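Results of the structural survey
Spelled out, the chains give:
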Amino acid sequence: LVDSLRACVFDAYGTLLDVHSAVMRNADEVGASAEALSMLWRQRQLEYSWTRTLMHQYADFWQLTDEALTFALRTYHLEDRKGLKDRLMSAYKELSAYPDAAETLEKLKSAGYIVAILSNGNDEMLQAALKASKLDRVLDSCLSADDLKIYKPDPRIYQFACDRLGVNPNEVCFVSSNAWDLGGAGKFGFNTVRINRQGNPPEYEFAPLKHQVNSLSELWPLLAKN
Amino acid sequence: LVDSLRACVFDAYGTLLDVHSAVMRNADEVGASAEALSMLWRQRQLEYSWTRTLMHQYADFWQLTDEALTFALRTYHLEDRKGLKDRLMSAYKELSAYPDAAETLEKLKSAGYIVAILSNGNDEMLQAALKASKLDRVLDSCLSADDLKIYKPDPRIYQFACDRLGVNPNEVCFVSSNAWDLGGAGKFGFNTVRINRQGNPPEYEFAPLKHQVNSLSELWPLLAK
Ligand SMILES: [Cl-]
């Protein structure tokens, strides 16, 4: 819609950092089960995030990641679970950026937006990954659920972003790949833009998107200022 | 604790009612992605229940079931989605019980236990499923998350069971096949028993189990009062 926004808030894992690369970078070691493992790891890490907040038993995102990975390795009865867990947690700690992430953030930063991350991950796994892909240098601020001990899409975390960044919901453009994160952010009040790389079908229709695009780079036409 | 229990509370979908059967009974019409499509439908049904309850946007279980099925079928670019959606919805409306559900419930009831379902399902879907599988008449109570507009495993749902059943947490035996549901109940105070049919690895360990069995019928040796 109309364009007087002070802030671009990014989800990290799956939006700017490519989680698929965790298992992809190590697919040969895993064996033919790699896709399925990858998929179960993602789904569980999120399950553990959502259920743990509903049952009032927070733990940090890294331990969730770890717990979820262990579960998935056992599910698939893999040899050398010890080795694979090491190899794969490490690969997670240093996920690669989508090819466009840095440049498009650079373009937004130098356009006068506050450019921030709002992620589930504790600062440690998050910092290591921003360091490794060098997105450290293209960010004003990086905000963690771990600061509140609460997971998305709980409205408190979107709230904490307004608080920390000193902006109102409607002065935020919230960019993410996860329909549930966009549904949660929108219901809260952010202008939501979905990065939909593969064209998956829509979900969370009650919190309609402001726009969908298929690439970080398309954000640039979407947001560039006079 | 072992035997000052007054109540067995069962999860429905996935514990007494078999959700595989919905797709499994239509596998041939669906094609080779059946088993994928089935998992995706289960994972999305639940995702919607948890994330909607987290963002304060409740819709009932039938709707979420519908949305998740639509999303799944689209994802697999399947053909004849319309007909495929009616077949699969109806299959879910009247899910068939596990082979042993009836007997073991009826044995538990008549051993003097209060015998209840506590489900995410709303009434219409739950009643249709309990009628069709004949599980209706062997239950003292059927308790639905849609009375609260809050899903498992927020504590208030398990609290609802206590309240309506007039028992305390430690007097309830909570039977389910879902680790997260067991997690939720465990943490809230129920005594937990997992029906782990396929031998899945553990999860939600901070809320340990009272017992695990691989079948509903193994619940009987264990709970004889
Ligand atoms: Cl809540």
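Residues numbered from 1 in each chain as written, not as in the entry; some residues may be left out. Chains lettered and ligands numbered in written order. Heavy atoms only, no water.

Remarks on the overall build of chain A
- When helices and strands are counted, chain A shows 11 helices and 6 strands.
- In terms of overall size, chain A behaves like a compact globule, its C-alpha atoms giving a radius of gyration of 17 Å where 226 residues would be expected to give roughly 17 Å.
- Each principal axis of the C-alpha distribution contributes one length, and for chain A these read about 55 × 35 × 35 Å.
- When each of the 226 residues of chain A is scored for burial, the buried share is 56%.
- Within chain A, residue pairs in contact and separated by at least 24 positions form 66% of the contacts whose partners lie at least 6 positions apart.
- Split by element, the accessible area of chain A, about 9700 Å² in all, is 47% carbon and sulfur.
- Each charge class in chain A can be summarised by its mean position, and for the 25 positive and 30 negative side chains these summaries are 2 Å apart. (Helix = DSSP H or I, 4+ residues; strand = E, 2+ residues; numbered from the N terminus. Rg over C-alpha atoms; globule rule 2.2 N^0.38 Å. Buried < 20%, exposed > 50% of the residue type's maximum accessible area, 1.4 Å probe, protein only. Contact = heavy atoms within 4.5 Å. Areas by Shrake-Rupley, 256 points an atom, 1.4 Å probe, with all protein chains shown as cover. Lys, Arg positive; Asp, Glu negative; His and termini not counted. Charge placed at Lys NZ, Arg CZ, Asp CG, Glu CD.)

Let's talk about the overall build of chain B
- The helix and strand tally for chain B stands at 10 helices and 6 strands.
- For a compact globule of 225 residues, the expected C-alpha radius of gyration is about 17 Å, and chain B comes in at 17 Å, within 12% of that figure.
- Within chain B, the fraction of its 225 residues that count as buried is 57%.
- Here the analysis covers contacts within chain B between residues at least 6 apart in sequence; of these, 66% occur between residues at least 24 apart.
- About 9400 Å² of surface is accessible on chain B, with carbon and sulfur atoms providing 47% of the total.
- The positive charge centre, built from 25 side chains, and the negative charge centre, built from 30, are 2 Å apart in chain B.

Focus: the domain arrangement of chain B
Residues and elements named next belong to chain B.
- Annotation of chain B at the domain level lists domain 1 (1-18 + 94-225) and domain 2 (19-93).
- Using C-alpha coordinates to define each centre, domain 1 is positioned 23 Å away from domain 2.
- With 24 residues of domain 1 in contact, the opposing surface of domain 2 contributes 20 residues.
- Carbon and sulfur atoms supply 55% of the area buried between domain 1 and domain 2, which totals about 1800 Å² over both sides.
- Our count for the domain 1 to domain 2 interface comes out at 1 salt bridge.
- Of the charged contacts in the structure, one is a salt bridge between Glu124 and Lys93, with a shortest N-O distance of 3.4 Å.
- Counting across the domain 1 and domain 2 interface gives 16 residue pairs in polar contact. (Domains from an automatic or database assignment. Buried area = accessible area lost by both parts, 1.4 Å probe. Salt bridge = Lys/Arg side-chain N within 4 Å of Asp/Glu carboxyl O. Polar contact = N/O pair within 3.5 Å; in protein donor to acceptor, adjacent residues only side chain to side chain.)

A closer look at the nonpolar core
- If you look at the biggest cluster of nonpolar residues, it comprises 160 residues, and the most contacted ones within it are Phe10 and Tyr13 of chain A together with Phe10, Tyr13 and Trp41 of chain B.
- Sequence-distant contacts of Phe10 of chain B, that is, excluding residues within four places in its chain, are made with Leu16, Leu105, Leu108, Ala116, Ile117, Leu118, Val175, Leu216 and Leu219 of chain B. (Core = buried A, V, L, I, M, F, W, Y, C linked by side-chain atoms within 4.5 Å.)

Here we look at the UniProt feature "active site" in chain A
Residues and elements named next belong to chain A.
- UniProt's entry tags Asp11 with the feature "active site", counted in the numbering of this structure.
- Relative to the helices and strands, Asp11 resides in the loop between β1 (7-10) and α1 (20-24).
- In this structure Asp11 touches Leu16, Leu118, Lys152, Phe174, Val175, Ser176, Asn178 and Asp181, once residues within four positions along its chain are discounted.
- In this structure the side chain of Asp11 is engaged in a polar contact, spanning 2.8 Å, whose partner is the side chain of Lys152. (UniProt positions renumbered as here; feature names shortened; annotations may be inferred.)

Regarding the UniProt feature "active site" in chain B
Residue and element names in this part refer to chain B.
- Following the UniProt record, the feature "active site" maps to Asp11 here.
- Here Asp11 is to be found in the loop between β1 (7-10) and α1 (20-24).
- Overall, the relative accessible area of 4% leaves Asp11 in the buried class.
- Leaving out residues up to four positions away in the same chain, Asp11 has contacts with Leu16, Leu118, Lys152, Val175, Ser176, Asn178 and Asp181.
- Side-chain polar atoms of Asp11 contact the side chain of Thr15, separated by 2.8 Å.

Concerning the UniProt feature "binding site: an (S)-2-haloacid" in chain B
All names here are of chain B.
- Using the residue numbers shown here, the UniProt feature "binding site: an (S)-2-haloacid" corresponds to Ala12, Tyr13, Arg42, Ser119 and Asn120.
- Positionally, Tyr13 belongs in the loop between β1 and α1.
- Judged by relative accessible area, which is 2%, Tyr13 ranks as buried.
- Among the structural elements, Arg42 can be located in helix α3 (residues 34-54).

So, the sheet that holds strand β3 (residues 141-144) of chain A
Residues and elements named next belong to chain A.
- Strand order in the open sheet formed by 6 strands is β3-β2-β1-β4-β5-β6, with parallel pairing between adjacent strands. Strands at the two margins of the open sheet, each flanked by one partner only, are β3 and β6 (211-213). Each neighbouring strand pair of the sheet contributes to a mean axis angle of 25°, computed without reference to strand direction.
- Sheet analysis places strand β2 (residues 114-119) next to β3, joined by 4 bridges and oriented parallel. When the bridges of β3 are listed, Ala116 appears paired with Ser141. (Pairing = 2+ DSSP bridges. Axes fitted to C-alpha atoms, helices over the stretch in contact; angles between N-to-C directions.)

A short note on helix α5 (residues 81-93) of chain B
Residues and elements named next belong to chain B.
- Taking 1.5 Å of rise per residue, the 13 residues of α5 would be expected to cover 18 Å, and the 18 Å separating its terminal C-alpha atoms lies within 8% of that figure.
- Restricting attention to buried positions, one finds in α5 the residues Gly83, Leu84, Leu88, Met89, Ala91 and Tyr92.
- Packed against the buried residues of α5 are α1, α2 (27-30), α3, α4 (61-75) and α7 (123-132). (Expected span 1.5 Å × (residues − 1).)

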